[PDB]
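Structural features, examined
Take a look at the letters that make up each chain.
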Amino acid sequence: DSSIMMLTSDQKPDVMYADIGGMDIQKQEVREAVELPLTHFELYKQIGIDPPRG
Amino acid sequence: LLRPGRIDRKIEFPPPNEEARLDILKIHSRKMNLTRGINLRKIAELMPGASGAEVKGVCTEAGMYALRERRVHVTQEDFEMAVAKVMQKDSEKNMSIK
Amino acid sequence: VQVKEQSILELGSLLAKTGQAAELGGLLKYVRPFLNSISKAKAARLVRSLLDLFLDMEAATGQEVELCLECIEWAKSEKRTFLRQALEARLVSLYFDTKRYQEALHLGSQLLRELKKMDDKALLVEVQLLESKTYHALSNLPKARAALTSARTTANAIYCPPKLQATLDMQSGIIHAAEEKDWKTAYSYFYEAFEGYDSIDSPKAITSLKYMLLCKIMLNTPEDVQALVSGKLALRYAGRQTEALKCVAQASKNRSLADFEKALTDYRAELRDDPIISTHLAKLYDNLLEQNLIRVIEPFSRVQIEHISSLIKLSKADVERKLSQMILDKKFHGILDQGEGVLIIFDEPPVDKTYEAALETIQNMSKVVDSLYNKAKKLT
Amino acid sequence: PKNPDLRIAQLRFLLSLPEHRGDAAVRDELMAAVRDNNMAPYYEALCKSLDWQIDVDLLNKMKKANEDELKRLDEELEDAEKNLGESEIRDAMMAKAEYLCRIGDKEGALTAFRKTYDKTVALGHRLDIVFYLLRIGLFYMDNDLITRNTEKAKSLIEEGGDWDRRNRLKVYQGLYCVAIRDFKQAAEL
Amino acid sequence: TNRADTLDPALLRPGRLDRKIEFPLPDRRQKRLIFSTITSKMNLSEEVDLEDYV
Amino acid sequence: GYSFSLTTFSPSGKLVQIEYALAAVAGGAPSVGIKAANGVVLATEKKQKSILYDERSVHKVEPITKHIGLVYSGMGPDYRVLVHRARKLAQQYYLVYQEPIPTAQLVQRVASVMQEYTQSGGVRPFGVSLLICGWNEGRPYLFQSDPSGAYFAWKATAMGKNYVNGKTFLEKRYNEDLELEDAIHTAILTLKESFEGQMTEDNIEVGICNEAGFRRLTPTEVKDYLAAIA
């Protein structure tokens, strides 16, 4: 369990990535911090970066 | 707590010098693929008493510079921007007085 | 002397408005000891008001790059730093004018060694934005992103020579339209760029509308294309490129591919100014996808002459090598079913028990062959 | 150190198959023979090319210049041991003996590399020697030299994230495979 | 949160909460972007434009 | 819960009731002042709360003598008090020496007064930071003081809301060598960077200091100048 459990089943918060207004600072860096290292983990490997904590 | 018959060896922890910052730099950056023509003691002398927290942070910002390029290659220019990537303030005035 | 300093601009503006190249070129060759006579402060003003107002006259390529060489050789004869950097800038501008392949880069490598130590942080990006032009021109998209990032971190200090914030905004839109990922942002970039082009920069203002409305066609909101060519400043600077935008706009509004291709070919001289004809032929293509989708399900009701050649709105007879090209390059696994009347789209992708058993055998006997060493080793 | 010499290899191929010009082997081959102290590039082409009109004397002066370089090497071998330093014999002859490899194909190579490989304080000290085999392994299409030096580079020169002369290894293997029957190695590398 | 005062300034040592991002209040052209995005559902009476408000 | 009041030092830090007065200054109405080559330009930001108020009664830019201008960023009820003190004090100097007082001497004496109110222990400090200027002996000057009794010397500075943002624009925009009109242009630029949207001939209030003397401009020339100065 976690607040119900693990992204409480059906709940998209329904705020689009497109609904964000031009946050080319925010969206890019938050993307690199959370949205990217789940996908291109091997680049963090290949450069040996130890990705940022939070 | 501080009874010497209770604590028998109290060792201090200094923030490191140029050579030790160079060493910590080598430690973290050894797995980092650094290109060529890259000096490191210059980066160590760009550090005005770096504790070791931000010494790791310079290398992570260098890795982030390599990540924002779709590259795997790190120049010394990346560190030249990465040292610049750390500065905070504590600027305000009409407070010098003292 | 000082009263002749106005006659430099007087006779030179005469030779720029009404005179020709060789006379003003003789004037620039003539004022070379006069700058030696006068003081070296407003001499850069003389260099600007002569060279800029000479190279903005007319293309005569035997004199443009050659007088730029004259500026180089005299700047390396007099040997000062602050004058010759604008000469470097205008030279690499001339190199961009014909899209030069290596020498623009090989001069910008000489520019970067001199600017990032001096005082003018804006004079770096004054040519680095031109490098972002030539790397978008050669399509070095990552290095264009790098130059845009350097421009954005440079412009965080000073306001700029008056309309380059607008130029930075237009080329931020250029980089965001080179991705073809985010368009509303680039639209805002071009929009603020053209608002920075308000009544002061007309030849960039005219294609500012091209960029923003080409984006809004790319955005697939044709209603607002109509409403914003109906805007007041669009009607302040109306013309022929907006006629191209309006005809392509209505052709996209009603998706008439014939109207699209028709008014596309009608305005080819204005159609070059968008180098991305791929957005256009991708509205063609990316409309033709679902057109052949509603014309790949329409077959099985009452189909006609070939079922595979000319159900496609009967353009002439051979508007294809497009559908067949999308069986070729892409697929939706529609095999050429010429004489049926459905064009049946079928396969069974899960068969992978057999695949998986093959992938088993390949490594099962890698194991067996690795064990054979023990088997034929421990005996004899 | 190797660009006109790989161009000499280009000339080896360029006057290997065609005979449409029987005087490139004097024009840019003598222009090569007057630079780089290229001795062997005419000493082996002395038979496969033309009669070489009288090509001993203008080459006598350059083999004499090579003799000057070689005799100051032969003095240098004991002049560097009087220099009270570490391995200065090895340094002071490895420099001009890699230059002997630049002069002569195999002889300076063999008399140099088996001494200047004896200490390896860096993998550059191995890999420059490996490069000075790779140049002649492109000149003469060897197999033993220019796959076993790559074996040696695939022995210890994995270490060090220097990446330039580790991608050189990838490029040399790509060149070596596409130099024979490659499908995929040159694309991948 | 905007409150690093019941938060230890040892949480600002590089290694734990490293990425410093502070958001702009408004700015220009994200008035354009967000003035565009909020109008994705409200139906925009045909000339009541919003550049004036940018 | 300490410091409280004005008589005792902190355990290690400073005088919190002076720190709060400086914070109350920083929470005030913005201002900008620029020293150019020939003159000094002062400019404030004077918003009426309603549409009812008059712009002819209270004046921010204020002369102390015929050649010494003075603005503030804080509270008017204390501003007028220390204005009156500076008036009477400058006239005492001119009684003694029969010569117009130098601006440094004004700043010395005003700083002595403000310091005397920062002295113990029943009176509060001023919630006012000044910007003093004048054209004494050819070279014009620009002097900022503070509630703590200290004083400074600026080429260009700001005080009020977003003084940091205005200062980062001043560092970028301004330089050492301009004329008075370009100084007014960059001054209205840095006030327009931070002020409210309606900036008219009355929301600002600008006085200059030529070497020919102090001059307080009118809404006539302010409306002529700020008729879209850029």
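Every chain here is numbered from 1 following its written sequence, a scheme that can differ from the numbering in the entry; residues without coordinates are not drawn. Written order decides the labels, with chains lettered from A and ligands numbered from 1. Just a portion of a larger assembly is displayed, and each value is taken over that portion. The side-chain values count all of the structure's non-hydrogen atoms but skip hydrogen atoms and water molecules. Residues with missing side-chain atoms are left out of burial classes, side-chain pairs and their counts.

Per the PDB record, this model was obtained through cryo-EM at a reported resolution of 4.2 Å.

1. Topic: the overall build of chain C
Numbering of helices and strands starts at the N terminus; helices are DSSP runs of H or I of at least 4 residues and strands are runs of E of at least 2. From N to C terminus, chain C includes 19 helices and 0 strands. For chain C, whose C-alpha radius of gyration is 31 Å, the value lies well above the compact-globule estimate of 21 Å for 380 residues. Dimensions along the principal axes, computed over C-alpha positions, put chain C at roughly 95 × 75 × 40 Å. For chain C, the proportion of its 380 residues judged to be buried stands at 34%. Intrachain contacts of chain C at a sequence separation of at least 6 include 56% that bridge at least 24 residues. Carbon together with sulfur atoms contributes 56% to the accessible area of chain C, which is approximately 23800 Å² in total. Counting rule applied: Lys, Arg positive; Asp, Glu negative; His and chain ends not counted. Charge coordinates come from a single atom per side chain, which is NZ of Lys, CZ of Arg, CG of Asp or CD of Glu. Computed over 52 positive and 51 negative side-chain charges, the separation of the two mean positions in chain C equals 4 Å. Here the globule rule reads 2.2 Å times residues to the power 0.38, and the radius of gyration is calculated from C-alpha atoms. Only protein chains enter the accessibility calculation, which uses a 1.4 Å probe; a residue is then buried when its area is under 20% of its type maximum, exposed when over 50%, and partly exposed in between. Contact definition: two residues touch when any of their heavy atoms are within 4.5 Å. Only the protein chains shown count as cover for residues, and the accessible areas themselves come from Shrake-Rupley with a 1.4 Å probe.

2. Concerning the UniProt feature "domain: PCI" in chain C
Residues annotated by UniProt as "domain: PCI" correspond here to residues 182-350 of chain C. Secondary structure within residues 182-350 of chain C divides into 53% helix and 0% strand; the distance between the first and last C-alpha atoms comes to 36 Å. UniProt positions are given in the numbering used here, feature names are shortened, and annotations may be inferred rather than shown by experiment.

3. Thoughts on a negative patch on the surface
Residues forming no salt bridge and having over 30% relative accessible area are the ones grouped into patches, like charges within 9 Å of each other and nonpolar side chains (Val, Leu, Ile, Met, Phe, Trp, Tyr) within 5 Å. We define a salt bridge as a contact between a side-chain nitrogen of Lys or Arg and a carboxyl oxygen of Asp or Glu at a distance within 4 Å. On the surface, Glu223 and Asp224 of chain C together with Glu46, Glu47, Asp49 and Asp52 of chain E cluster together into a patch of negative charge. Relative accessible area serves as the criterion here: at 65%, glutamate 47 of chain E is assigned to the exposed category.

4. Structural notes on the interface of chain D and chain B
Contacts between the two partners involve 5 residues from chain D, matched on the other side by 5 residues from chain B. Joining chain D to chain B, the criterion identifies 0 salt bridges. N or O atoms within 3.5 Å of each other form a polar contact, as long as, within protein, one can give a hydrogen and the other can take it, and as long as residues adjacent in sequence are counted only when both atoms are side-chain atoms. Remark: the boundary between chain D and chain B carries 0 residue pairs in polar contact.

5. Looking at the sheet that holds strand β3 (residues 62-65) of chain F
Residue and element names in this part refer to chain F. The strand order across the open sheet formed by 4 strands is β3-β4-β5-β6, and the pairing between neighbours is antiparallel. Each end of this open sheet is capped by a strand with a single partner; those strands are β3 and β6 (140-144). For this sheet, the mean angle separating the axes of adjacent strands, direction not counted, is 25 degrees. Strands qualify as paired when DSSP identifies two bridges or more between them. In terms of strand pairing, strand β5 (residues 128-135) meets β6 through 5 bridges, oriented antiparallel. When the bridges of β6 are listed, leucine 131 appears paired with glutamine 144. An axis is simply a line fitted to the C-alpha atoms; with a helix, the fit covers only the stretch in contact. Between two such axes, the angle follows the N-to-C directions and lies from 0 to 180 degrees. Taken strand by strand, helix α3 (residues 103-118) contacts β3, β4 (68-74), β5 and β6, and its axis lies near 160 degrees from that of β5.

6. Topic: the packing of aromatic side chains
What counts as a ring pair is set by centres within 6.5 Å for rings of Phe, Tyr and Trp (its six-membered ring), and what kind of pair is set by the plane angle: stacked under 30 degrees, edge-to-face over 60, tilted for all other angles. If you walk through the whole model with that rule in mind, you get 10 aromatic pairs over all chains. When the centroid spacing of 4.4 Å and the interplanar angle of 40 degrees are considered together, the rings of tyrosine 42 of chain D and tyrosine 43 of chain D count as tilted. For the ring pair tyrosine 93 of chain F and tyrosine 97 of chain F, a centre distance of 4.6 Å and an interplane angle of 40 degrees mean the geometry is tilted. Pair noted here: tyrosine 93 of chain F and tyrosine 97 of chain F are both in helix α2 (residues 76-97), with a separation of 4 residues, about one helical turn.

7. What about a nonpolar patch on the surface?
Residues and elements named next belong to chain C. A cluster of nonpolar side chains, namely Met365, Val368, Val369, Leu372 and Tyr373, defines an oily patch on the protein surface of about 470 Å² accessible area. Here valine 368 lies in helix α19 (residues 353-375). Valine 368 sits in the partly exposed class, given a relative accessible area of 36%.

8. Focus on the packing of helix α1 (residues 3-14) of chain D against helix α8 (residues 123-139) of chain D
All names here are of chain D. Between α1 and α8, the shortest axis-to-axis distance is 9 Å and the interhelical angle comes to 20 degrees. Considering the angle they form, α1 stands roughly parallel to α8. Considering only the axes of α1 and α8, their crossing is left-handed. When α1 is examined against α8, the residues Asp5, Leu6 and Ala9 are found in contact with a partner set consisting of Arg135, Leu138 and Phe139. Each angle is binned into one of four classes, with values under 35 degrees roughly parallel, values over 145 roughly antiparallel, values of 65 to 115 roughly perpendicular, and all other values oblique. For any pair of crossing helices, the crossing counts as left-handed if the nearer helix is rotated counterclockwise from the farther one by less than a right angle, and right-handed if it is rotated clockwise.

9. Concerning the side chain of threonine 103 of chain F
Residues and elements named next belong to chain F. For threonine 103, the position within the fold is in helix α3. Take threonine 103: its relative accessible area is 2%, and that puts it in the buried class. With residues near it in sequence (within four places) discarded, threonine 103 still touches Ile68, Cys133, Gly134, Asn136, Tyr141 and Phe143.

10. A short note on the nonpolar core
Side-chain atoms within 4.5 Å link the members of a nonpolar core, which is a set of buried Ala, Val, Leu, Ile, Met, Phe, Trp, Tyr and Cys residues. Ranked by size, the top nonpolar core spans 34 residues in total, and within it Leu50 and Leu87 of chain C carry the most contacts. For this core, the secondary-structure elements that each account for two or more residues are α2 (21-30), α4 (43-55), α5 (61-78), α6 (82-97), α7 (103-115) and α8 (121-137) of chain C. In this view, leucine 50 of chain C contacts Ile8, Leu24, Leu27, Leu28 and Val31 of chain C; residues no more than four positions away in its chain are not counted. The next biggest cluster of nonpolar side chains, apart from the first, holds 26 residues, and it includes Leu59, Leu73, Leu127 and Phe131 of chain D.

11. Notes on the pattern of salt bridges
Counting across every chain of the model gives 20 salt bridges over all chains. The salt bridge involving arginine 168 of chain D is made with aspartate 164 of chain D; its shortest N-O contact spans 3.6 Å. Of this pair, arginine 168 of chain D and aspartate 164 of chain D both sit in helix α10 (residues 164-178), 4 residues apart, which is roughly one turn of that helix. In this structure, a network of salt bridges that share partners links the residues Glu29 of chain A, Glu61 of chain B together with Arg19 of chain E.

12. Observations concerning the arrangement of the chains
The two units chain A and chain F remain apart, with a minimum C-alpha distance of 20 Å. Across the gap from chain D to chain F, with no contact made, the nearest C-alpha atoms are 42 Å apart.

13. As for the interface of chain E and chain A
Across the contact, 12 residues belong to chain E and 12 residues belong to chain A. Surface buried jointly by chain E and chain A totals about 980 Å² across both partners, of which 59% is contributed by carbon and sulfur atoms. Broken down residue by residue, the surface that chain E buries against chain A is led by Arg19, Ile21 and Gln30 of chain E, which jointly contribute 45%. For the interface between chain E and chain A, the tally reads 1 salt bridge. Ionic pairing is found between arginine 19 of chain E and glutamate 29 of chain A, a salt bridge with its closest N-O pair at 3.4 Å. The buried area of a pairing is the accessible area, by a 1.4 Å probe, that goes missing from both parts when the two are put together, added over both.

14. Thoughts on the sheet that holds strand β2 (residues 40-45) of chain F
Residue and element names in this part refer to chain F. Reading across the sheet, the 5 strands line up as β7-β1-β2-β8-β9 and stay open at both edges, with antiparallel pairing between neighbours. The sheet is open, and its two edges are formed by β7 (156-159) and β9 (213-216), each paired on a single side. If you compare each strand with its neighbour and ignore which way they point, the axes differ by 10 degrees on average. For strand β1 (residues 31-35) and β2, the ladder comprises 5 bridges, and the chain directions are antiparallel.

15. What about the environment of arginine 302 of chain C?
All names here are of chain C. Mapped onto the elements, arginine 302 comes out in the loop between α17 (278-297) and α18 (323-328). With a relative accessible area of 78%, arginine 302 lands in the exposed category. A sequence separation of 40 residues divides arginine 302 from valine 342, and the C-alpha atoms of the two residues are 9.7 Å apart.

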